[PDB]
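Novice: Next comes the structure file query03.cif, holding mmCIF, N, CA and C atoms.
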```
data_work
loop_
_atom_site.group_PDB
_atom_site.id
_atom_site.type_symbol
_atom_site.label_atom_id
_atom_site.label_comp_id
_atom_site.auth_asym_id
_atom_site.auth_seq_id
_atom_site.Cartn_x
_atom_site.Cartn_y
_atom_site.Cartn_z
ATOM 1 N N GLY A 1 28.989 45.111 52.302
ATOM 2 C CA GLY A 1 29.507 44.102 53.206
ATOM 3 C C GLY A 1 29.143 42.695 52.776
ATOM 4 N N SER A 2 27.885 42.320 52.988
ATOM 5 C CA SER A 2 27.412 40.990 52.624
ATOM 6 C C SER A 2 25.893 40.970 52.492
ATOM 7 N N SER A 3 25.412 40.655 51.294
ATOM 8 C CA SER A 3 23.978 40.605 51.034
ATOM 9 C C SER A 3 23.302 41.903 51.464
ATOM 10 N N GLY A 4 23.558 42.972 50.717
ATOM 11 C CA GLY A 4 22.967 44.259 51.036
ATOM 12 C C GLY A 4 23.725 44.990 52.125
ATOM 13 N N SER A 5 23.264 44.847 53.364
ATOM 14 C CA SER A 5 23.903 45.505 54.498
ATOM 15 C C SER A 5 23.872 47.022 54.334
ATOM 16 N N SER A 6 22.805 47.523 53.719
ATOM 17 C CA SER A 6 22.656 48.956 53.496
ATOM 18 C C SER A 6 21.253 49.283 52.990
ATOM 19 N N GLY A 7 20.713 50.408 53.448
ATOM 20 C CA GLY A 7 19.384 50.816 53.033
ATOM 21 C C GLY A 7 18.296 50.219 53.903
ATOM 22 N N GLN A 8 18.622 49.966 55.166
ATOM 23 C CA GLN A 8 17.664 49.389 56.102
ATOM 24 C C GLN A 8 17.393 50.343 57.260
ATOM 25 N N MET A 9 16.978 51.561 56.932
ATOM 26 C CA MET A 9 16.683 52.567 57.945
ATOM 27 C C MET A 9 16.195 53.861 57.302
ATOM 28 N N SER A 10 14.924 54.183 57.520
ATOM 29 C CA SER A 10 14.335 55.393 56.958
ATOM 30 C C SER A 10 14.466 55.405 55.438
ATOM 31 N N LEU A 11 13.447 54.889 54.759
ATOM 32 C CA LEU A 11 13.446 54.839 53.301
ATOM 33 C C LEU A 11 12.187 55.488 52.735
ATOM 34 N N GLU A 12 11.761 56.583 53.356
ATOM 35 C CA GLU A 12 10.570 57.299 52.913
ATOM 36 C C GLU A 12 10.794 58.808 52.954
ATOM 37 N N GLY A 13 10.293 59.503 51.937
ATOM 38 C CA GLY A 13 10.449 60.944 51.876
ATOM 39 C C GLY A 13 10.273 61.487 50.472
ATOM 40 N N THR A 14 9.148 62.152 50.233
ATOM 41 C CA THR A 14 8.859 62.720 48.923
ATOM 42 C C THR A 14 8.039 64.001 49.046
ATOM 43 N N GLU A 15 8.719 65.107 49.333
ATOM 44 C CA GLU A 15 8.051 66.395 49.478
ATOM 45 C C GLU A 15 8.904 67.518 48.895
ATOM 46 N N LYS A 16 9.615 67.214 47.815
ATOM 47 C CA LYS A 16 10.471 68.196 47.159
ATOM 48 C C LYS A 16 11.562 68.684 48.106
ATOM 49 N N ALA A 17 12.382 69.615 47.627
ATOM 50 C CA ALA A 17 13.463 70.168 48.432
ATOM 51 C C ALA A 17 13.212 71.636 48.756
ATOM 52 N N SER A 18 13.445 72.009 50.011
ATOM 53 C CA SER A 18 13.240 73.383 50.450
ATOM 54 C C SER A 18 14.147 74.341 49.683
ATOM 55 N N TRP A 19 15.194 73.794 49.077
ATOM 56 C CA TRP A 19 16.139 74.599 48.311
ATOM 57 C C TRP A 19 16.023 74.302 46.820
ATOM 58 N N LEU A 20 14.906 73.700 46.426
ATOM 59 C CA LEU A 20 14.672 73.361 45.027
ATOM 60 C C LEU A 20 13.662 74.314 44.397
ATOM 61 N N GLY A 21 14.077 74.989 43.329
ATOM 62 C CA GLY A 21 13.195 75.921 42.652
ATOM 63 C C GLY A 21 13.653 77.359 42.793
ATOM 64 N N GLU A 22 14.505 77.614 43.781
ATOM 65 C CA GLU A 22 15.015 78.957 44.022
ATOM 66 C C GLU A 22 16.538 78.984 43.941
ATOM 67 N N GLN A 23 17.079 80.071 43.400
ATOM 68 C CA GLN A 23 18.522 80.220 43.264
ATOM 69 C C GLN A 23 19.207 80.153 44.624
ATOM 70 N N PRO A 24 20.519 79.871 44.614
ATOM 71 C CA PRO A 24 21.317 79.772 45.840
ATOM 72 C C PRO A 24 21.514 81.125 46.513
ATOM 73 N N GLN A 25 21.108 82.188 45.826
ATOM 74 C CA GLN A 25 21.242 83.539 46.359
ATOM 75 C C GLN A 25 20.054 83.893 47.248
ATOM 76 N N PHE A 26 18.931 83.219 47.023
ATOM 77 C CA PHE A 26 17.723 83.463 47.803
ATOM 78 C C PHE A 26 17.409 82.274 48.706
ATOM 79 N N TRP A 27 18.432 81.769 49.385
ATOM 80 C CA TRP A 27 18.266 80.632 50.283
ATOM 81 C C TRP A 27 18.117 81.096 51.728
ATOM 82 N N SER A 28 17.503 80.256 52.554
ATOM 83 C CA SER A 28 17.295 80.583 53.961
ATOM 84 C C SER A 28 18.302 79.852 54.843
ATOM 85 N N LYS A 29 18.409 80.287 56.094
ATOM 86 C CA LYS A 29 19.333 79.676 57.041
ATOM 87 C C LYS A 29 19.086 78.175 57.151
ATOM 88 N N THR A 30 17.851 77.762 56.886
ATOM 89 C CA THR A 30 17.484 76.353 56.955
ATOM 90 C C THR A 30 17.811 75.635 55.650
ATOM 91 N N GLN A 31 17.467 76.265 54.532
ATOM 92 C CA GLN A 31 17.725 75.685 53.219
ATOM 93 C C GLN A 31 19.189 75.282 53.080
ATOM 94 N N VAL A 32 20.085 76.181 53.479
ATOM 95 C CA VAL A 32 21.517 75.919 53.400
ATOM 96 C C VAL A 32 21.872 74.593 54.062
ATOM 97 N N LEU A 33 21.739 74.545 55.383
ATOM 98 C CA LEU A 33 22.045 73.335 56.139
ATOM 99 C C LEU A 33 21.282 72.137 55.581
ATOM 100 N N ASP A 34 20.118 72.403 55.000
ATOM 101 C CA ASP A 34 19.293 71.347 54.423
ATOM 102 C C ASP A 34 19.942 70.774 53.168
ATOM 103 N N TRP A 35 20.610 71.633 52.408
ATOM 104 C CA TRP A 35 21.276 71.212 51.181
ATOM 105 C C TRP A 35 22.558 70.448 51.492
ATOM 106 N N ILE A 36 23.192 70.792 52.608
ATOM 107 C CA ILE A 36 24.427 70.138 53.018
ATOM 108 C C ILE A 36 24.207 68.647 53.257
ATOM 109 N N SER A 37 23.198 68.325 54.062
ATOM 110 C CA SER A 37 22.883 66.936 54.372
ATOM 111 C C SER A 37 22.748 66.111 53.097
ATOM 112 N N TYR A 38 22.215 66.732 52.052
ATOM 113 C CA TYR A 38 22.029 66.055 50.773
ATOM 114 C C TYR A 38 23.369 65.627 50.182
ATOM 115 N N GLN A 39 24.338 66.537 50.209
ATOM 116 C CA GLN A 39 25.665 66.253 49.677
ATOM 117 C C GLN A 39 26.472 65.404 50.653
ATOM 118 N N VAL A 40 26.098 65.457 51.927
ATOM 119 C CA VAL A 40 26.786 64.692 52.959
ATOM 120 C C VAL A 40 26.327 63.237 52.963
ATOM 121 N N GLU A 41 25.088 63.012 52.539
ATOM 122 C CA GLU A 41 24.528 61.666 52.495
ATOM 123 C C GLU A 41 24.852 60.986 51.167
ATOM 124 N N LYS A 42 25.089 61.793 50.138
ATOM 125 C CA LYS A 42 25.411 61.271 48.815
ATOM 126 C C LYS A 42 26.902 60.970 48.697
ATOM 127 N N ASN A 43 27.723 61.825 49.296
ATOM 128 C CA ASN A 43 29.171 61.650 49.258
ATOM 129 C C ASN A 43 29.619 60.608 50.280
ATOM 130 N N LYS A 44 28.665 60.090 51.046
ATOM 131 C CA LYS A 44 28.959 59.085 52.059
ATOM 132 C C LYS A 44 29.876 59.651 53.139
ATOM 133 N N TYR A 45 29.904 60.975 53.249
ATOM 134 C CA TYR A 45 30.741 61.641 54.240
ATOM 135 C C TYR A 45 30.257 61.337 55.654
ATOM 136 N N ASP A 46 31.190 60.969 56.525
ATOM 137 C CA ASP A 46 30.860 60.652 57.910
ATOM 138 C C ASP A 46 30.085 61.793 58.559
ATOM 139 N N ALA A 47 30.328 63.012 58.086
ATOM 140 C CA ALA A 47 29.652 64.187 58.619
ATOM 141 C C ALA A 47 30.016 64.413 60.083
ATOM 142 N N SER A 48 31.183 63.917 60.480
ATOM 143 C CA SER A 48 31.646 64.061 61.856
ATOM 144 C C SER A 48 32.791 65.065 61.941
ATOM 145 N N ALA A 49 32.799 66.023 61.020
ATOM 146 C CA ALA A 49 33.838 67.045 60.992
ATOM 147 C C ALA A 49 33.242 68.424 60.727
ATOM 148 N N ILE A 50 32.297 68.487 59.796
ATOM 149 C CA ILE A 50 31.648 69.746 59.450
ATOM 150 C C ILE A 50 31.118 70.450 60.694
ATOM 151 N N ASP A 51 31.203 71.777 60.698
ATOM 152 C CA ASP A 51 30.728 72.571 61.825
ATOM 153 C C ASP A 51 29.446 73.313 61.465
ATOM 154 N N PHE A 52 28.314 72.630 61.601
ATOM 155 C CA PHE A 52 27.020 73.225 61.289
ATOM 156 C C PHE A 52 26.816 74.523 62.063
ATOM 157 N N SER A 53 27.440 74.610 63.234
ATOM 158 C CA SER A 53 27.324 75.797 64.075
ATOM 159 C C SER A 53 27.962 77.006 63.397
ATOM 160 N N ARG A 54 28.933 76.747 62.528
ATOM 161 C CA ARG A 54 29.625 77.813 61.815
ATOM 162 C C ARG A 54 28.859 78.211 60.557
ATOM 163 N N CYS A 55 28.086 77.274 60.020
ATOM 164 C CA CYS A 55 27.303 77.526 58.816
ATOM 165 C C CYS A 55 26.092 78.401 59.128
ATOM 166 N N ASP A 56 26.340 79.686 59.353
ATOM 167 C CA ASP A 56 25.270 80.628 59.663
ATOM 168 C C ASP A 56 24.826 81.377 58.411
ATOM 169 N N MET A 57 25.325 80.942 57.258
ATOM 170 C CA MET A 57 24.979 81.571 55.990
ATOM 171 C C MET A 57 23.527 81.287 55.620
ATOM 172 N N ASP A 58 22.766 82.347 55.373
ATOM 173 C CA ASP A 58 21.360 82.212 55.008
ATOM 174 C C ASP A 58 21.216 81.772 53.555
ATOM 175 N N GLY A 59 21.945 82.437 52.664
ATOM 176 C CA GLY A 59 21.883 82.101 51.254
ATOM 177 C C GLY A 59 22.829 82.937 50.416
ATOM 178 N N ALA A 60 22.644 84.253 50.452
ATOM 179 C CA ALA A 60 23.489 85.165 49.691
ATOM 180 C C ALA A 60 24.943 85.070 50.140
ATOM 181 N N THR A 61 25.146 84.676 51.393
ATOM 182 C CA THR A 61 26.488 84.546 51.945
ATOM 183 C C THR A 61 27.166 83.274 51.449
ATOM 184 N N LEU A 62 26.364 82.257 51.158
ATOM 185 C CA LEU A 62 26.886 80.984 50.673
ATOM 186 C C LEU A 62 27.464 81.131 49.269
ATOM 187 N N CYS A 63 26.696 81.755 48.383
ATOM 188 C CA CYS A 63 27.131 81.962 47.006
ATOM 189 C C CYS A 63 28.277 82.966 46.944
ATOM 190 N N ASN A 64 28.336 83.852 47.933
ATOM 191 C CA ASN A 64 29.381 84.867 47.989
ATOM 192 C C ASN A 64 30.637 84.318 48.660
ATOM 193 N N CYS A 65 30.455 83.322 49.519
ATOM 194 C CA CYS A 65 31.573 82.709 50.227
ATOM 195 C C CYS A 65 32.667 82.286 49.253
ATOM 196 N N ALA A 66 33.848 81.993 49.789
ATOM 197 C CA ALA A 66 34.977 81.576 48.966
ATOM 198 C C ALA A 66 35.211 80.073 49.078
ATOM 199 N N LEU A 67 35.877 79.507 48.078
ATOM 200 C CA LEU A 67 36.166 78.076 48.064
ATOM 201 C C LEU A 67 36.832 77.643 49.366
ATOM 202 N N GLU A 68 37.997 78.215 49.648
ATOM 203 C CA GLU A 68 38.734 77.888 50.863
ATOM 204 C C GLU A 68 37.841 78.018 52.093
ATOM 205 N N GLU A 69 36.886 78.941 52.029
ATOM 206 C CA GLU A 69 35.966 79.166 53.138
ATOM 207 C C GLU A 69 35.077 77.947 53.363
ATOM 208 N N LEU A 70 34.397 77.514 52.307
ATOM 209 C CA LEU A 70 33.511 76.357 52.389
ATOM 210 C C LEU A 70 34.268 75.124 52.872
ATOM 211 N N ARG A 71 35.575 75.105 52.628
ATOM 212 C CA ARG A 71 36.412 73.985 53.039
ATOM 213 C C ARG A 71 36.757 74.079 54.522
ATOM 214 N N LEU A 72 36.669 75.287 55.068
ATOM 215 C CA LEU A 72 36.973 75.513 56.477
ATOM 216 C C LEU A 72 35.712 75.412 57.329
ATOM 217 N N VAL A 73 34.555 75.489 56.678
ATOM 218 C CA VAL A 73 33.278 75.402 57.375
ATOM 219 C C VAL A 73 32.665 74.013 57.229
ATOM 220 N N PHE A 74 32.990 73.342 56.129
ATOM 221 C CA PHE A 74 32.471 72.003 55.869
ATOM 222 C C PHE A 74 33.610 71.001 55.706
ATOM 223 N N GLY A 75 34.765 71.328 56.279
ATOM 224 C CA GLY A 75 35.915 70.447 56.186
ATOM 225 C C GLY A 75 36.336 70.195 54.751
ATOM 226 N N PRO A 76 36.912 69.010 54.500
ATOM 227 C CA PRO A 76 37.374 68.623 53.164
ATOM 228 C C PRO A 76 36.219 68.377 52.200
ATOM 229 N N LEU A 77 34.999 68.405 52.725
ATOM 230 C CA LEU A 77 33.810 68.186 51.910
ATOM 231 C C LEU A 77 33.507 69.408 51.049
ATOM 232 N N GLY A 78 33.957 70.573 51.507
ATOM 233 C CA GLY A 78 33.725 71.800 50.765
ATOM 234 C C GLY A 78 34.161 71.693 49.317
ATOM 235 N N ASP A 79 35.299 71.047 49.089
ATOM 236 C CA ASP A 79 35.825 70.878 47.740
ATOM 237 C C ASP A 79 34.766 70.289 46.814
ATOM 238 N N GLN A 80 33.871 69.486 47.382
ATOM 239 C CA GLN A 80 32.808 68.858 46.605
ATOM 240 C C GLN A 80 31.582 69.761 46.530
ATOM 241 N N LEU A 81 31.261 70.408 47.645
ATOM 242 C CA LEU A 81 30.111 71.304 47.706
ATOM 243 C C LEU A 81 30.274 72.467 46.734
ATOM 244 N N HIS A 82 31.445 73.095 46.761
ATOM 245 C CA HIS A 82 31.728 74.222 45.879
ATOM 246 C C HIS A 82 31.430 73.863 44.426
ATOM 247 N N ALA A 83 31.934 72.713 43.990
ATOM 248 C CA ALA A 83 31.721 72.255 42.623
ATOM 249 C C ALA A 83 30.240 72.278 42.261
ATOM 250 N N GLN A 84 29.393 71.956 43.235
ATOM 251 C CA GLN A 84 27.951 71.938 43.017
ATOM 252 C C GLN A 84 27.389 73.355 42.979
ATOM 253 N N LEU A 85 27.746 74.154 43.978
ATOM 254 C CA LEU A 85 27.276 75.534 44.060
ATOM 255 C C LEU A 85 27.705 76.328 42.830
ATOM 256 N N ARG A 86 28.820 75.925 42.230
ATOM 257 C CA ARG A 86 29.337 76.598 41.045
ATOM 258 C C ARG A 86 28.410 76.386 39.851
ATOM 259 N N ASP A 87 27.670 75.283 39.872
ATOM 260 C CA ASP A 87 26.743 74.963 38.792
ATOM 261 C C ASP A 87 25.385 75.613 39.032
ATOM 262 N N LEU A 88 24.988 75.694 40.297
ATOM 263 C CA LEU A 88 23.709 76.292 40.661
ATOM 264 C C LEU A 88 23.637 77.745 40.202
ATOM 265 N N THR A 89 24.640 78.530 40.582
ATOM 266 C CA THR A 89 24.692 79.938 40.209
ATOM 267 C C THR A 89 24.941 80.103 38.715
ATOM 268 N N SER A 90 25.744 79.207 38.151
ATOM 269 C CA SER A 90 26.065 79.255 36.729
ATOM 270 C C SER A 90 24.793 79.282 35.887
ATOM 271 N N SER A 91 23.844 78.417 36.229
ATOM 272 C CA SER A 91 22.582 78.339 35.503
ATOM 273 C C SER A 91 22.820 77.983 34.039
ATOM 274 N N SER A 92 21.756 78.038 33.243
ATOM 275 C CA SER A 92 21.847 77.718 31.824
ATOM 276 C C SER A 92 21.730 78.980 30.973
#
```
Once more with this new file: its structure as structure tokens, please.
Specialist:
Amino acid sequence: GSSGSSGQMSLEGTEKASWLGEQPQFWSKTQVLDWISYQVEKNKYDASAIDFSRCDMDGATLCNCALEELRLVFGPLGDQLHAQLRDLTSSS
């Protein structure tokens, strides 16, 4: 907007990620929703469409879920989330 106008609210947090270090297949009901916020805050998504109530996937269900599915549970944001999950499982 003008002279910053961003980054003036909650700028502290350094305790690793609850979903960092473990594959997407061994994720918990919390880790999942926890990973979403990360992609929702990075993609600048309003996050006023996704249905967290529908995201009951613990972990194995997320990696097993389908593309169109993630798009119906996380709105149009799924298209972006899937791309990420596709790399997590892919591994090196």
Novice: So which residues are close to (21.2, 80.0, 59.7), meaning at most 6 Å away in the file's coordinates with only C-alpha atoms counted, and can you show them as a PyMOL selection string?
Specialist: chain A and resi 29-30+56-58
Novice: How far is it from CA of residue 19 (chain A) to CA of residue 32 (chain A), in Å with one decimal?
Specialist: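 Rounded to one decimal, the two atoms are 7.5 Å apart.
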Novice: Please report the interatomic distance between atom N of residue 20 (chain A) and atom N of residue 63 (chain A) in Å with one decimal.
Specialist: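 Atom-to-atom, atom N of residue 20 (chain A) to atom N of residue 63 (chain A), that is 14.4 Å.
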Novice: Can you pull out the residues contacting residue 46 (chain A)? Cut-off 12 Å, using only C-alpha atoms, and skip same-chain residues under 2 positions away; I want them as a PDB file with N, CA and C atoms, in the coordinates of the input.
Specialist:
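selection.pdb was written with the following content:
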```
ATOM      1  N   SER A  37      23.198  68.325  54.062  1.00  0.00           N
ATOM      2  CA  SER A  37      22.883  66.936  54.372  1.00  0.00           C
ATOM      3  C   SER A  37      22.748  66.111  53.097  1.00  0.00           C
ATOM      4  N   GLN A  39      24.338  66.537  50.209  1.00  0.00           N
ATOM      5  CA  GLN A  39      25.665  66.253  49.677  1.00  0.00           C
ATOM      6  C   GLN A  39      26.472  65.404  50.653  1.00  0.00           C
ATOM      7  N   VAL A  40      26.098  65.457  51.927  1.00  0.00           N
ATOM      8  CA  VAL A  40      26.786  64.692  52.959  1.00  0.00           C
ATOM      9  C   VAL A  40      26.327  63.237  52.963  1.00  0.00           C
ATOM     10  N   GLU A  41      25.088  63.012  52.539  1.00  0.00           N
ATOM     11  CA  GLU A  41      24.528  61.666  52.495  1.00  0.00           C
ATOM     12  C   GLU A  41      24.852  60.986  51.167  1.00  0.00           C
ATOM     13  N   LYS A  42      25.089  61.793  50.138  1.00  0.00           N
ATOM     14  CA  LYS A  42      25.411  61.271  48.815  1.00  0.00           C
ATOM     15  C   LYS A  42      26.902  60.970  48.697  1.00  0.00           C
ATOM     16  N   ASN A  43      27.723  61.825  49.296  1.00  0.00           N
ATOM     17  CA  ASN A  43      29.171  61.650  49.258  1.00  0.00           C
ATOM     18  C   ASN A  43      29.619  60.608  50.280  1.00  0.00           C
ATOM     19  N   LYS A  44      28.665  60.090  51.046  1.00  0.00           N
ATOM     20  CA  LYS A  44      28.959  59.085  52.059  1.00  0.00           C
ATOM     21  C   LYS A  44      29.876  59.651  53.139  1.00  0.00           C
ATOM     22  N   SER A  48      31.183  63.917  60.480  1.00  0.00           N
ATOM     23  CA  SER A  48      31.646  64.061  61.856  1.00  0.00           C
ATOM     24  C   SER A  48      32.791  65.065  61.941  1.00  0.00           C
ATOM     25  N   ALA A  49      32.799  66.023  61.020  1.00  0.00           N
ATOM     26  CA  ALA A  49      33.838  67.045  60.992  1.00  0.00           C
ATOM     27  C   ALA A  49      33.242  68.424  60.727  1.00  0.00           C
ATOM     28  N   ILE A  50      32.297  68.487  59.796  1.00  0.00           N
ATOM     29  CA  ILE A  50      31.648  69.746  59.450  1.00  0.00           C
ATOM     30  C   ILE A  50      31.118  70.450  60.694  1.00  0.00           C
ATOM     31  N   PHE A  74      32.990  73.342  56.129  1.00  0.00           N
ATOM     32  CA  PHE A  74      32.471  72.003  55.869  1.00  0.00           C
ATOM     33  C   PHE A  74      33.610  71.001  55.706  1.00  0.00           C
ATOM     34  N   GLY A  75      34.765  71.328  56.279  1.00  0.00           N
ATOM     35  CA  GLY A  75      35.915  70.447  56.186  1.00  0.00           C
ATOM     36  C   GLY A  75      36.336  70.195  54.751  1.00  0.00           C
ATOM     37  N   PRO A  76      36.912  69.010  54.500  1.00  0.00           N
ATOM     38  CA  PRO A  76      37.374  68.623  53.164  1.00  0.00           C
ATOM     39  C   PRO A  76      36.219  68.377  52.200  1.00  0.00           C
ATOM     40  N   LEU A  77      34.999  68.405  52.725  1.00  0.00           N
ATOM     41  CA  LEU A  77      33.810  68.186  51.910  1.00  0.00           C
ATOM     42  C   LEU A  77      33.507  69.408  51.049  1.00  0.00           C
TER      43      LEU A  77
END
```
Novice: For the point (27.2, 77.0, 56.0) in file coordinates, what residues are within 10 Å, counting only C-alpha atoms? Give the answer as a list in words?
Specialist: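 Selection result: residues 29, 30, 31, 32, 33, 34, 35, 36, 50, 51, 52, 53, 54, 55, 56, 57, 58, 59, 61, 62, 65, 69, 70, 72, 73, 74 and 78 of chain A.
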Novice: One decimal, Å: what's the distance from atom N of residue 88 (chain A) over to atom N of residue 66 (chain A), could you say?
Specialist: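 Atom N of residue 66 (chain A) lies at a distance of 14.4 Å from atom N of residue 88 (chain A).
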Novice: Enumerate, as a PyMOL selection string, the complete set of residues in chain A that a backbone-based DSSP assignment places in helix (DSSP H, G or I).
Specialist: chain A and resi 24-26+29-42+60-64+67-73+75-90
Novice: Between A:4, A:83, A:47, A:64, which has the minimum distance to residue 26 (chain A) (counting only C-alpha atoms)?
Specialist: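 Of all the options, A:64 lies closest to residue 26 (chain A).
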Novice: For region 22-36 of chain A, supply N, CA, C and O atoms and report the output as a PDB file, in the frame of the given file.
Specialist:
```pdb
ATOM      1  N   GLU A  22      14.505  77.614  43.781  1.00  0.00           N
ATOM      2  CA  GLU A  22      15.015  78.957  44.022  1.00  0.00           C
ATOM      3  C   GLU A  22      16.538  78.984  43.941  1.00  0.00           C
ATOM      4  O   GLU A  22      17.207  78.039  44.359  1.00  0.00           O
ATOM      5  N   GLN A  23      17.079  80.071  43.400  1.00  0.00           N
ATOM      6  CA  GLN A  23      18.522  80.220  43.264  1.00  0.00           C
ATOM      7  C   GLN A  23      19.207  80.153  44.624  1.00  0.00           C
ATOM      8  O   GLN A  23      18.587  80.349  45.669  1.00  0.00           O
ATOM      9  N   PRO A  24      20.519  79.871  44.614  1.00  0.00           N
ATOM     10  CA  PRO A  24      21.317  79.772  45.840  1.00  0.00           C
ATOM     11  C   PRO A  24      21.514  81.125  46.513  1.00  0.00           C
ATOM     12  O   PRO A  24      22.023  81.204  47.631  1.00  0.00           O
ATOM     13  N   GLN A  25      21.108  82.188  45.826  1.00  0.00           N
ATOM     14  CA  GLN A  25      21.242  83.539  46.359  1.00  0.00           C
ATOM     15  C   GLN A  25      20.054  83.893  47.248  1.00  0.00           C
ATOM     16  O   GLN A  25      20.153  84.758  48.118  1.00  0.00           O
ATOM     17  N   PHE A  26      18.931  83.219  47.023  1.00  0.00           N
ATOM     18  CA  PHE A  26      17.723  83.463  47.803  1.00  0.00           C
ATOM     19  C   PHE A  26      17.409  82.274  48.706  1.00  0.00           C
ATOM     20  O   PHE A  26      16.265  81.825  48.783  1.00  0.00           O
ATOM     21  N   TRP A  27      18.432  81.769  49.385  1.00  0.00           N
ATOM     22  CA  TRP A  27      18.266  80.632  50.283  1.00  0.00           C
ATOM     23  C   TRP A  27      18.117  81.096  51.728  1.00  0.00           C
ATOM     24  O   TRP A  27      18.551  82.191  52.086  1.00  0.00           O
ATOM     25  N   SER A  28      17.503  80.256  52.554  1.00  0.00           N
ATOM     26  CA  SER A  28      17.295  80.583  53.961  1.00  0.00           C
ATOM     27  C   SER A  28      18.302  79.852  54.843  1.00  0.00           C
ATOM     28  O   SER A  28      18.968  78.916  54.401  1.00  0.00           O
ATOM     29  N   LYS A  29      18.409  80.287  56.094  1.00  0.00           N
ATOM     30  CA  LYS A  29      19.333  79.676  57.041  1.00  0.00           C
ATOM     31  C   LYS A  29      19.086  78.175  57.151  1.00  0.00           C
ATOM     32  O   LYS A  29      19.994  77.406  57.469  1.00  0.00           O
ATOM     33  N   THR A  30      17.851  77.762  56.886  1.00  0.00           N
ATOM     34  CA  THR A  30      17.484  76.353  56.955  1.00  0.00           C
ATOM     35  C   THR A  30      17.811  75.635  55.650  1.00  0.00           C
ATOM     36  O   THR A  30      18.364  74.535  55.659  1.00  0.00           O
ATOM     37  N   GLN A  31      17.467  76.265  54.532  1.00  0.00           N
ATOM     38  CA  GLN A  31      17.725  75.685  53.219  1.00  0.00           C
ATOM     39  C   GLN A  31      19.189  75.282  53.080  1.00  0.00           C
ATOM     40  O   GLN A  31      19.502  74.184  52.620  1.00  0.00           O
ATOM     41  N   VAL A  32      20.085  76.181  53.479  1.00  0.00           N
ATOM     42  CA  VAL A  32      21.517  75.919  53.400  1.00  0.00           C
ATOM     43  C   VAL A  32      21.872  74.593  54.062  1.00  0.00           C
ATOM     44  O   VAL A  32      22.256  73.634  53.392  1.00  0.00           O
ATOM     45  N   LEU A  33      21.739  74.545  55.383  1.00  0.00           N
ATOM     46  CA  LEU A  33      22.045  73.335  56.139  1.00  0.00           C
ATOM     47  C   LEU A  33      21.282  72.137  55.581  1.00  0.00           C
ATOM     48  O   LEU A  33      21.740  70.998  55.676  1.00  0.00           O
ATOM     49  N   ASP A  34      20.118  72.403  55.000  1.00  0.00           N
ATOM     50  CA  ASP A  34      19.293  71.347  54.423  1.00  0.00           C
ATOM     51  C   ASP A  34      19.942  70.774  53.168  1.00  0.00           C
ATOM     52  O   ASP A  34      19.837  69.578  52.895  1.00  0.00           O
ATOM     53  N   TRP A  35      20.610  71.633  52.408  1.00  0.00           N
ATOM     54  CA  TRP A  35      21.276  71.212  51.181  1.00  0.00           C
ATOM     55  C   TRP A  35      22.558  70.448  51.492  1.00  0.00           C
ATOM     56  O   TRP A  35      22.964  69.565  50.735  1.00  0.00           O
ATOM     57  N   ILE A  36      23.192  70.792  52.608  1.00  0.00           N
ATOM     58  CA  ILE A  36      24.427  70.138  53.018  1.00  0.00           C
ATOM     59  C   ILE A  36      24.207  68.647  53.257  1.00  0.00           C
ATOM     60  O   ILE A  36      24.932  67.808  52.722  1.00  0.00           O
TER      61      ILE A  36
END
```
